[PDB]
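Colleague: Just one file: protein_13.txt, with compact mmCIF, C-alpha atoms and all ligand atoms.
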# COMPACT_ATOMS: atom_id res chain seq x y z
CA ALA A 1 -7.94 -56.68 -6.54
CA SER A 2 -7.44 -60.09 -8.20
CA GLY A 3 -6.02 -62.58 -5.71
CA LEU A 4 -2.91 -63.43 -3.70
CA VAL A 5 0.12 -64.23 -5.85
CA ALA A 6 3.28 -65.84 -4.46
CA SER A 7 6.61 -66.65 -6.14
CA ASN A 8 9.97 -68.20 -5.16
CA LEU A 9 8.07 -70.94 -3.31
CA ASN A 10 10.56 -73.62 -4.33
CA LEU A 11 8.22 -76.44 -3.30
CA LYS A 12 10.13 -79.66 -3.96
CA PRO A 13 8.73 -83.15 -4.68
CA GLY A 14 7.10 -84.58 -1.59
CA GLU A 15 6.18 -81.24 -0.02
CA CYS A 16 2.59 -80.36 0.84
CA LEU A 17 0.94 -77.00 0.18
CA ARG A 18 -2.05 -76.24 2.40
CA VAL A 19 -4.40 -73.44 1.34
CA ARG A 20 -7.37 -72.24 3.41
CA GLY A 21 -9.75 -69.60 2.11
CA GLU A 22 -13.27 -68.20 2.13
CA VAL A 23 -15.61 -68.96 -0.76
CA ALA A 24 -17.70 -65.90 -1.62
CA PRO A 25 -21.37 -66.06 -0.52
CA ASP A 26 -22.42 -65.79 -4.16
CA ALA A 27 -19.45 -67.52 -5.77
CA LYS A 28 -19.57 -68.64 -9.41
CA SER A 29 -16.11 -70.22 -9.35
CA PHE A 30 -12.58 -69.68 -8.08
CA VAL A 31 -9.09 -70.66 -9.17
CA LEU A 32 -5.87 -71.79 -7.57
CA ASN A 33 -2.92 -71.83 -9.99
CA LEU A 34 0.38 -73.60 -9.35
CA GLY A 35 3.40 -73.95 -11.61
CA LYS A 36 6.63 -72.32 -12.79
CA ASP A 37 4.96 -69.01 -13.68
CA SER A 38 1.66 -67.55 -14.91
CA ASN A 39 2.12 -69.23 -18.31
CA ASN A 40 3.42 -72.60 -17.18
CA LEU A 41 1.03 -74.22 -14.72
CA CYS A 42 1.33 -77.76 -13.44
CA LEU A 43 -2.09 -77.30 -11.86
CA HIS A 44 -5.05 -75.09 -12.69
CA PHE A 45 -7.46 -76.05 -9.88
CA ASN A 46 -10.84 -74.63 -10.86
CA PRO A 47 -13.97 -75.49 -8.83
CA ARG A 48 -16.97 -74.20 -10.80
CA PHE A 49 -20.24 -73.65 -8.96
CA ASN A 50 -21.88 -72.28 -12.09
CA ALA A 51 -19.63 -71.28 -14.99
CA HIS A 52 -18.82 -72.32 -18.55
CA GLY A 53 -21.58 -74.93 -18.63
CA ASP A 54 -20.39 -76.57 -15.42
CA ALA A 55 -22.56 -76.77 -12.30
CA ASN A 56 -20.67 -77.77 -9.14
CA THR A 57 -17.77 -79.27 -11.08
CA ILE A 58 -14.09 -79.23 -10.17
CA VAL A 59 -12.10 -78.71 -13.36
CA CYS A 60 -8.32 -79.09 -13.49
CA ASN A 61 -5.95 -78.41 -16.35
CA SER A 62 -2.33 -77.75 -17.17
CA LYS A 63 -0.89 -74.83 -19.09
CA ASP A 64 2.30 -75.30 -21.06
CA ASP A 65 3.81 -72.10 -22.45
CA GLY A 66 0.40 -70.42 -22.62
CA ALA A 67 -1.49 -73.36 -24.15
CA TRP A 68 -4.18 -75.14 -22.15
CA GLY A 69 -4.03 -78.93 -22.00
CA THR A 70 -6.80 -81.52 -21.70
CA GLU A 71 -9.23 -80.80 -18.84
CA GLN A 72 -9.93 -83.31 -16.06
CA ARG A 73 -13.16 -83.35 -14.04
CA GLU A 74 -13.85 -84.80 -10.58
CA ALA A 75 -16.87 -86.70 -9.25
CA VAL A 76 -17.28 -84.74 -6.02
CA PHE A 77 -17.74 -81.08 -5.14
CA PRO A 78 -17.16 -80.48 -1.40
CA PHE A 79 -17.40 -76.68 -1.65
CA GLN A 80 -20.22 -74.33 -0.58
CA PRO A 81 -20.71 -70.58 -1.22
CA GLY A 82 -19.95 -68.47 1.84
CA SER A 83 -17.98 -71.04 3.81
CA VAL A 84 -14.36 -71.76 4.69
CA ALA A 85 -12.62 -74.32 2.47
CA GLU A 86 -9.17 -75.86 2.78
CA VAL A 87 -7.23 -77.77 0.13
CA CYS A 88 -3.96 -79.68 0.46
CA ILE A 89 -1.79 -80.13 -2.61
CA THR A 90 1.18 -82.46 -2.71
CA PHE A 91 3.80 -82.34 -5.42
CA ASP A 92 5.40 -85.41 -6.98
CA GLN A 93 7.43 -86.01 -10.15
CA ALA A 94 4.70 -88.06 -11.84
CA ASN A 95 1.58 -86.51 -10.28
CA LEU A 96 0.17 -83.77 -8.10
CA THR A 97 -2.07 -85.10 -5.35
CA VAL A 98 -4.99 -82.95 -4.26
CA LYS A 99 -6.90 -83.59 -1.05
CA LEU A 100 -10.25 -81.79 -0.75
CA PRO A 101 -12.12 -80.40 2.33
CA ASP A 102 -13.96 -83.67 2.95
CA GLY A 103 -10.84 -85.82 2.62
CA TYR A 104 -11.46 -86.89 -0.96
CA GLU A 105 -8.22 -87.25 -2.92
CA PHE A 106 -7.40 -87.25 -6.61
CA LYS A 107 -4.31 -86.98 -8.78
CA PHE A 108 -3.45 -84.81 -11.78
CA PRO A 109 -0.48 -85.77 -14.00
CA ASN A 110 2.63 -83.55 -13.88
CA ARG A 111 2.51 -82.91 -17.63
CA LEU A 112 5.09 -80.09 -17.67
CA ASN A 113 7.47 -82.37 -15.74
CA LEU A 114 8.26 -79.64 -13.21
CA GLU A 115 10.85 -80.53 -10.57
CA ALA A 116 9.62 -77.78 -8.26
CA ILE A 117 6.65 -75.44 -7.89
CA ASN A 118 7.70 -71.79 -7.60
CA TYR A 119 4.45 -70.02 -8.48
CA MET A 120 1.04 -69.88 -6.80
CA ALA A 121 -1.88 -67.61 -7.60
CA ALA A 122 -5.44 -67.40 -6.33
CA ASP A 123 -8.28 -65.60 -8.07
CA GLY A 124 -12.04 -65.73 -8.23
CA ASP A 125 -14.49 -65.93 -5.37
CA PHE A 126 -11.91 -67.32 -2.94
CA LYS A 127 -10.47 -65.12 -0.17
CA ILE A 128 -7.31 -66.81 1.14
CA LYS A 129 -7.09 -66.85 4.94
CA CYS A 130 -3.83 -68.79 5.30
CA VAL A 131 -1.21 -70.71 3.34
CA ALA A 132 1.23 -73.25 4.74
CA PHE A 133 4.24 -75.03 3.23
CA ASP A 134 5.97 -78.19 4.39
CA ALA B 1 18.10 -67.59 -3.58
CA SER B 2 15.85 -64.92 -2.03
CA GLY B 3 12.87 -65.91 0.06
CA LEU B 4 9.15 -66.02 -0.59
CA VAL B 5 7.54 -63.05 -2.36
CA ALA B 6 3.81 -62.33 -2.12
CA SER B 7 1.83 -59.67 -3.95
CA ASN B 8 -1.83 -58.63 -4.00
CA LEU B 9 -1.84 -59.31 -0.26
CA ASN B 10 -4.50 -56.62 0.17
CA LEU B 11 -3.90 -56.45 3.92
CA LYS B 12 -6.31 -53.88 5.36
CA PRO B 13 -5.95 -51.72 8.50
CA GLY B 14 -6.84 -53.72 11.58
CA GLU B 15 -6.23 -57.10 9.97
CA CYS B 16 -3.56 -59.29 11.57
CA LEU B 17 -0.82 -60.75 9.39
CA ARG B 18 0.91 -63.71 11.02
CA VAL B 19 4.12 -64.90 9.39
CA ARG B 20 5.97 -68.00 10.55
CA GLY B 21 9.30 -69.01 9.06
CA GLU B 22 12.55 -70.84 9.73
CA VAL B 23 15.62 -68.75 10.49
CA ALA B 24 18.58 -70.27 8.61
CA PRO B 25 20.97 -72.11 11.00
CA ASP B 26 23.92 -69.98 9.87
CA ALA B 27 22.09 -66.66 9.42
CA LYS B 28 23.85 -63.43 10.34
CA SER B 29 20.44 -61.74 10.06
CA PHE B 30 17.16 -61.95 8.16
CA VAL B 31 14.61 -59.66 6.53
CA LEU B 32 10.85 -59.48 6.21
CA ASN B 33 9.68 -56.64 3.94
CA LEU B 34 6.17 -55.23 3.71
CA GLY B 35 4.73 -52.41 1.59
CA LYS B 36 3.46 -51.52 -1.88
CA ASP B 37 6.33 -53.04 -3.87
CA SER B 38 10.08 -53.65 -3.64
CA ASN B 39 10.77 -49.88 -3.85
CA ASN B 40 8.10 -48.73 -1.39
CA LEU B 41 8.28 -50.52 1.94
CA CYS B 42 6.23 -49.41 4.93
CA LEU B 43 8.21 -51.92 7.00
CA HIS B 44 11.69 -53.37 6.55
CA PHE B 45 11.90 -55.74 9.53
CA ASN B 46 15.57 -56.70 9.90
CA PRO B 47 16.71 -58.69 12.95
CA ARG B 48 20.52 -58.68 13.04
CA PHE B 49 22.40 -61.39 14.90
CA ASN B 50 25.77 -60.16 13.68
CA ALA B 51 25.65 -58.07 10.54
CA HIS B 52 26.42 -54.59 9.27
CA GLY B 53 28.30 -53.95 12.55
CA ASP B 54 25.26 -54.65 14.79
CA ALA B 55 24.64 -57.53 17.20
CA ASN B 56 21.32 -59.17 18.18
CA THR B 57 19.50 -55.95 17.31
CA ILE B 58 16.23 -55.55 15.42
CA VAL B 59 16.49 -52.80 12.84
CA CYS B 60 13.40 -51.34 11.22
CA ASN B 61 13.19 -48.84 8.43
CA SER B 62 11.00 -47.64 5.59
CA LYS B 63 11.75 -47.20 1.90
CA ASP B 64 9.85 -44.50 0.00
CA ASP B 65 10.22 -44.30 -3.78
CA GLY B 66 13.54 -46.06 -3.29
CA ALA B 67 14.91 -43.92 -0.44
CA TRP B 68 15.67 -45.42 2.96
CA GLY B 69 14.33 -43.46 5.91
CA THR B 70 15.74 -43.16 9.40
CA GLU B 71 16.26 -46.52 11.08
CA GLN B 72 14.70 -47.40 14.42
CA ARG B 73 16.24 -50.07 16.63
CA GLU B 74 14.15 -52.19 18.99
CA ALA B 75 14.63 -52.85 22.71
CA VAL B 76 14.48 -56.65 22.59
CA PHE B 77 15.78 -59.54 20.54
CA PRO B 78 13.77 -62.77 20.96
CA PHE B 79 15.35 -64.47 17.94
CA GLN B 80 17.90 -67.22 17.38
CA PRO B 81 19.51 -68.74 14.26
CA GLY B 82 18.28 -72.19 13.23
CA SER B 83 14.81 -71.99 14.77
CA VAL B 84 11.17 -71.21 14.03
CA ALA B 85 9.98 -67.66 14.63
CA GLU B 86 6.59 -66.03 14.09
CA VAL B 87 5.81 -62.33 13.96
CA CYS B 88 2.38 -60.75 13.93
CA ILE B 89 1.76 -57.46 12.17
CA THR B 90 -1.10 -55.00 12.00
CA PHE B 91 -1.44 -51.32 11.08
CA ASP B 92 -3.45 -48.11 10.91
CA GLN B 93 -2.55 -44.96 8.96
CA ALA B 94 -0.30 -43.70 11.76
CA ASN B 95 1.65 -46.77 12.86
CA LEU B 96 2.42 -50.41 12.21
CA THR B 97 2.40 -52.72 15.25
CA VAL B 98 4.82 -55.65 15.32
CA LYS B 99 4.35 -58.42 17.87
CA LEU B 100 7.30 -60.76 18.44
CA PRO B 101 7.65 -64.46 19.46
CA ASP B 102 8.05 -63.41 23.11
CA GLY B 103 4.73 -61.55 23.10
CA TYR B 104 6.50 -58.18 23.06
CA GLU B 105 5.04 -55.64 20.65
CA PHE B 106 6.26 -52.29 19.39
CA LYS B 107 5.18 -49.67 16.90
CA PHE B 108 6.90 -48.31 13.79
CA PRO B 109 5.56 -45.13 12.09
CA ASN B 110 3.59 -45.73 8.88
CA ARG B 111 5.69 -43.29 6.84
CA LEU B 112 4.19 -44.23 3.46
CA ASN B 113 0.72 -43.53 4.85
CA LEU B 114 -0.34 -46.87 3.38
CA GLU B 115 -4.04 -47.75 3.69
CA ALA B 116 -3.37 -51.27 2.41
CA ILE B 117 -0.33 -53.58 2.30
CA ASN B 118 -0.03 -55.58 -0.92
CA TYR B 119 3.58 -56.71 -0.91
CA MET B 120 5.70 -58.92 1.34
CA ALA B 121 9.10 -60.54 0.79
CA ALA B 122 11.55 -62.56 2.88
CA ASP B 123 15.24 -62.93 2.12
CA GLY B 124 17.31 -66.11 1.96
CA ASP B 125 17.71 -66.41 5.75
CA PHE B 126 14.01 -66.48 6.59
CA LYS B 127 12.14 -69.43 5.06
CA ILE B 128 8.42 -68.74 5.32
CA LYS B 129 6.42 -71.82 6.33
CA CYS B 130 3.05 -70.22 7.12
CA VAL B 131 1.18 -66.99 6.38
CA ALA B 132 -2.19 -66.11 7.92
CA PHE B 133 -4.66 -63.24 7.63
CA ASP B 134 -6.97 -62.73 10.60
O1 LIG C 1 -9.11 -75.34 -19.35
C1 LIG C 1 -9.09 -74.32 -18.36
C2 LIG C 1 -9.79 -73.06 -18.83
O2 LIG C 1 -11.19 -73.39 -19.14
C3 LIG C 1 -11.90 -72.28 -19.59
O3 LIG C 1 -13.16 -72.71 -19.83
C4 LIG C 1 -11.97 -71.15 -18.58
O4 LIG C 1 -12.65 -70.07 -19.06
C5 LIG C 1 -10.51 -70.69 -18.32
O5 LIG C 1 -10.49 -69.64 -17.38
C6 LIG C 1 -9.74 -71.92 -17.77
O6 LIG C 1 -10.34 -72.36 -16.55
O1 LIG C 2 18.09 -48.83 7.01
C1 LIG C 2 18.05 -49.78 5.96
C2 LIG C 2 19.39 -49.95 5.30
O2 LIG C 2 20.39 -50.28 6.32
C3 LIG C 2 21.66 -50.42 5.79
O3 LIG C 2 22.47 -50.73 6.83
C4 LIG C 2 21.76 -51.53 4.76
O4 LIG C 2 23.02 -51.64 4.24
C5 LIG C 2 20.80 -51.15 3.60
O5 LIG C 2 20.83 -52.15 2.59
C6 LIG C 2 19.39 -51.04 4.19
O6 LIG C 2 18.99 -52.29 4.76
What would the structure in this file look like if it were written as structure tokens?
Ligand SMILES: OC[C@H]1O[C@@H](O)[C@H](O)[C@@H](O)[C@H]1O
Ligand SMILES: OC[C@H]1O[C@@H](O)[C@H](O)[C@@H](O)[C@H]1O
Modeller:
Amino acid sequence: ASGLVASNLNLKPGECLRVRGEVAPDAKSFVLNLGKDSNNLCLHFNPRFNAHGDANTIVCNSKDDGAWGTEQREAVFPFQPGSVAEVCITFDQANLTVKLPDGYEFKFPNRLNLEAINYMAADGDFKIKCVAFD
Amino acid sequence: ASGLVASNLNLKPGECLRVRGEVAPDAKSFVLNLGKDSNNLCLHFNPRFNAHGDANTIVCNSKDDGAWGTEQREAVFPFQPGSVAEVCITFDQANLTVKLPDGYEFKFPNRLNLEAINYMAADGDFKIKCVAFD
């Protein structure tokens, strides 16, 4: 009952991952994890409506062998409870580029130095409606 | 080398699962599996161009607690190596309905009596590019 989990993605540098989902009507936060596996994440994309002291804050972090890295926070929050939201994530050797619903873009360093993303997992108040790879 | 693997799909009866992927240019066949897990498949969708002694025939079968059931072969074959193909799948407790690229649709008995589909997997000859739930 958690969220969609996909493996063997083999997303190489330069490829874009497009994820469209539904934010729960009473969402507190949702997560989109990308990486090698559940313990090695190049991107922990975590928009928080109201959770852990954050109010409408997008928090991103890396996870190397189970250990969380230094969190990064964005200046915009183009997400609304009970509404469709789409995010596009591009993979590069140095950084991951994330484009939000409203077109805002930001980068998150590829700390684990992954050469390919093979794992994706969604969880929280986000019901995935479609995923596309390129 | 296998294809994409998705779990926690939570596909419910009546929902439409649209899968679009690229058929390898030198594929002798390809597989799209759906079910509870790798050992319990409500649908083993296997178009065969030239494999296992068959030619341009779509072979369907189920796998219950590891055991393969009786195969069913389809009447059409709207597939070709080295091209993009999309299939649309839905189900109820009695049957699964598979719609092909040519708009043709057939039914395959839901032998596992599944009330939800949580697992999907493609092999090395079918590269999934898009997955939708509607
Ligand atoms: O640094 C990332 C982590 O931050 C925590 O506050 C949160 O509870 C975890 O689920 C994870 O998001
Ligand atoms: O009916 C399903 C089965 O068909 C056989 O021909 C094949 O060798 C098995 O691996 C399995 O796919």
Colleague: Check which residues fall inside 12 Å of ligand LIG 2 (chain C) when counting only C-alpha atoms and all ligand atoms, and print them as a PyMOL selection string.
Modeller: chain B and resi 29-33+39+41-48+51-54+58-64+66-73+123
Colleague: Quick one, how far is CA of residue 105 (chain A) from CA of residue 56 (chain A)?
Modeller: 16.8 Å
Colleague: If you count only C-alpha atoms, which residues fall within 12 Å of residue 6 (chain B), apart from same-chain ones fewer than 6 positions away, as a tab-separated table (two decimals) with C-alpha atoms, in the coordinates of the input?
Modeller:
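For reference, out.tsv as written:
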chain	number	residue	atom	x	y	z
A	3	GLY	CA	-6.02	-62.58	-5.71
A	4	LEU	CA	-2.91	-63.43	-3.70
A	5	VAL	CA	0.12	-64.23	-5.85
A	6	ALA	CA	3.28	-65.84	-4.46
A	7	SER	CA	6.61	-66.65	-6.14
A	8	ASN	CA	9.97	-68.20	-5.16
A	9	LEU	CA	8.07	-70.94	-3.31
A	118	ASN	CA	7.70	-71.79	-7.60
A	119	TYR	CA	4.45	-70.02	-8.48
A	120	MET	CA	1.04	-69.88	-6.80
A	121	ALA	CA	-1.88	-67.61	-7.60
A	122	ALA	CA	-5.44	-67.40	-6.33
A	131	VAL	CA	-1.21	-70.71	3.34
B	19	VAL	CA	4.12	-64.90	9.39
B	32	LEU	CA	10.85	-59.48	6.21
B	33	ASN	CA	9.68	-56.64	3.94
B	34	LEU	CA	6.17	-55.23	3.71
B	35	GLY	CA	4.73	-52.41	1.59
B	36	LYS	CA	3.46	-51.52	-1.88
B	37	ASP	CA	6.33	-53.04	-3.87
B	38	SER	CA	10.08	-53.65	-3.64
B	117	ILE	CA	-0.33	-53.58	2.30
B	118	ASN	CA	-0.03	-55.58	-0.92
B	119	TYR	CA	3.58	-56.71	-0.91
B	120	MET	CA	5.70	-58.92	1.34
B	121	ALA	CA	9.10	-60.54	0.79
B	122	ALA	CA	11.55	-62.56	2.88
B	128	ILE	CA	8.42	-68.74	5.32
B	131	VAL	CA	1.18	-66.99	6.38
Colleague: Measure the distance from CA of residue 49 (chain B) to CA of residue 126 (chain B) in Å and round it to one decimal.
Modeller: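 Between CA of residue 49 (chain B) and CA of residue 126 (chain B) the gap is 12.9 Å.
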Colleague: Quick one: residues within 6 Å of residue 125 (chain A), only C-alpha atoms, excluding same-chain residues fewer than 2 positions away - as a ChimeraX atom specification?
Modeller: /A:23-24,27,30
Colleague: Can you sort out the box for region 45-58 of chain B, edges along x, y and z, all listed atoms in, 5 Å on every side, with centre and edge lengths in Å to one decimal, as lines of an AutoDock Vina configuration file?
Modeller:
center_x = 20.1
center_y = -57.7
center_z = 13.7
size_x = 26.4
size_y = 17.4
size_z = 18.9
Colleague: Figure out the distance between CA of residue 40 (chain A) and CA of residue 65 (chain A), please, to one decimal in Å.
Modeller: 5.3 Å
Colleague: Which of these residues is nearest to ligand LIG 1 (chain C), using only C-alpha atoms and all ligand atoms: A:28, A:99, A:12, A:18?
Modeller: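 Between A:28, A:99, A:12, A:18, the residue approaching ligand LIG 1 (chain C) most closely is A:28.
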Colleague: Find the residues with any atom within 8 Å of (0.1, -85.4, -7.4); use all atoms listed in the file and the coordinates as given in the file, and write the answer as a list in words.
Modeller: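 These residues have at least one counted atom within 8 Å: residues 89, 90, 91, 92, 93, 94, 95, 96, 97, 98, 106, 107, 108, 109 and 110 of chain A.
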Colleague: Find, counting only C-alpha atoms and all ligand atoms, the residue in A:50, A:13, A:134, A:75 that gets nearest to ligand LIG 1 (chain C).
Modeller: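 Smallest separation from ligand LIG 1 (chain C) among the options: A:50.
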